[PDB]
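Encoded as structure tokens, the following chain is the form solved without the RNA, with no partner shown.
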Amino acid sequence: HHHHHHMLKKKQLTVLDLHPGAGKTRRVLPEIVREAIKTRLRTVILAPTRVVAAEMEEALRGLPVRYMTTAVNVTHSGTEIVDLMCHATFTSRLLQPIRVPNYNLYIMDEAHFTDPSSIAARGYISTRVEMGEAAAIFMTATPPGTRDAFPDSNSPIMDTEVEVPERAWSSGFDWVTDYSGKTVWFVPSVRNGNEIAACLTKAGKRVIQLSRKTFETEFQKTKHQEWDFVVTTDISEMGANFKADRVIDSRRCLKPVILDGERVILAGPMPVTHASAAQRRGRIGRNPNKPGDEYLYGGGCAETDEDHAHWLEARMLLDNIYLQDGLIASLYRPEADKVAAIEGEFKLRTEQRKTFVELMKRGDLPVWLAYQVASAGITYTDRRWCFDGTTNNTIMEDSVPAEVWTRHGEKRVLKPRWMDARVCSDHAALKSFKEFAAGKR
């Protein structure tokens, strides 16, 4: 009930870069949506995750918003001119035949998200603005290329550089376990998080683990049950709210890297960006009444992340989104220097584009891998490629060849024609890929 008037300018992109916890998501977003409604601007709100989409409903209760996500179960009047969906849904719809409205205003929250669908959505939106067809607001405390890892916070934070373990320990890290508060611990990989979580559990701690595959289900447990540690990958940088007193940050993670144009490996761990570091630290210091919060960090930051597969993968997506005849959207300008590709090199014809989309949406394949399969002319249900690669593409778990009973009634060793380490980097990813290779997804 203290609305501040925003003069929403046509043909403009604004970056709302207030510090973490300043109220972008909970205060400024509703104000903008009210102005958009008042002035009758057809508007889309882009949430990074289903978890945040649900929370945005609380902030927007009593405003006419169409929630285009099963994460919210609200009765729609059919008259709403504001739509809410996830970054990934927005990009996926753009790749499909499905008509996406030509919105007058795009509001992307947690616009730092570097998953390929988010990077692509930013390119599309910025292109629409540059063409004079729409306005946009990108909300993030950490715009592309920030070099500040220690922004302002609602309460003071105690910043300390320490040695952070990335393996189980039996001594040398008493400060981790001799602590009666609640800790969010950012780890370099799902497997390292499993090992640390087991160590913590053996030491009597209650641990919840979060990764992209599990986030949308395990995050609820952080609200609804008692815990001592959350052990999380980078997915928790995207507007994740914890009632926590301490963050432990390894400051590095495994990175997918395309090697010689022919395979994806997981390299590193390599340092995180300043943006990632500031978002990780930004999970604490958020309560103005609580002055004790600590950030313990394990090394430096770097901006040398052009080796990351996500940039090229964003181009694969954008190349397959229609704007106008002959026009391919560039990445948003601050990100466009991250990748050297020819605009349109990854454009697919209609049937192959359909396969590319289905491999990602229903197959849950990484963008790069989905592209290799689709561009080879393979149809979605034809899994022969999972078995006919070279011998060095053999997938191992527990030091033995992963084996599958195939749709054609043979026990076969998983040996994909194209190797993307993301499909076999932890037990759960591998299980899903084995199902896929069996024709049982």
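Whichever C-alpha set is largest while still superposing within 1.5 Å between the two forms counts as the rigid core. Numbering starts at 1 and runs along the sequence shown.
From this point on, the text means the form deposited with the RNA bound, which you will not see here.
J.: Quick one: does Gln209 come within 4.5 Å of the RNA in the deposited complex, counting heavy atoms only?
T.: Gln209: no, not in contact with the RNA in the deposited complex.
J.: Verify the contact flag for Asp426: yes if a non-hydrogen atom of it lies within 4.5 Å of a non-hydrogen atom of the RNA in the deposited complex, no if not.
T.: So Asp426 counts as contacting the RNA.
J.: With the partner left out here, check for me: in the deposited complex, does some heavy atom of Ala370 sit within 4.5 Å of the RNA?
T.: Although the RNA is absent here, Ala370 would stay clear of it in the deposited complex, with no heavy atoms inside 4.5 Å.
J.: Taking any heavy atom pair closer than or equal to 4.5 Å as contact, tell me whether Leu359 reaches the RNA in the deposited complex.
T.: Outside the cut-off, so no.
J.: So which stretch, 152 to 160, 300 to 308, 100 to 108, 209 to 217, is the one near the RNA in the deposited complex (non-hydrogen atoms, 4.5 Å)?
T.: Comparing against the RNA in the deposited complex, the contact stretch is 209 to 217.
J.: Sort through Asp319, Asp234, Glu133, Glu195 and report the residue having a heavy atom within 4.5 Å of the RNA in the deposited complex.
T.: None of the others qualify; the residue that does is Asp234.
J.: Heavy atom within 4.5 Å of the RNA in the deposited complex: which of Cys86, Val247, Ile125, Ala240 fits that? Just give me the one.
T.: Checking each option against the RNA in the deposited complex, the one that comes within 4.5 Å is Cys86.
J.: Who in 250 to 278 is close to the RNA in the deposited complex, meaning a heavy atom within 4.5 Å?
T.: In sequence order, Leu254, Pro256, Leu266 come within 4.5 Å of the partner.
J.: Which of these moves by 2 angstroms or more at the C-alpha between this form and the one not shown, core superposed: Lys205, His308, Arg263, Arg93?
T.: Comparing both forms, the shifted residue turns out to be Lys205.
J.: Rigid core superposed, CA of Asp293 - does it shift 2 Å or more between this form and the one not shown?
T.: Moves: yes, 2 Å or greater.
J.: Is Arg191 one of the residues whose Cα moves 2 Å or more between this form and the one not shown, with the core superposed?
T.: Yes, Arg191 moves 2 Å or more.
J.: Quick one: once the rigid core is lined up, does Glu216 have its C-alpha move by 2 Å or more between this form and the one not shown?
T.: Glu216 C-alpha, core-superposed: shift of 2 Å or more.
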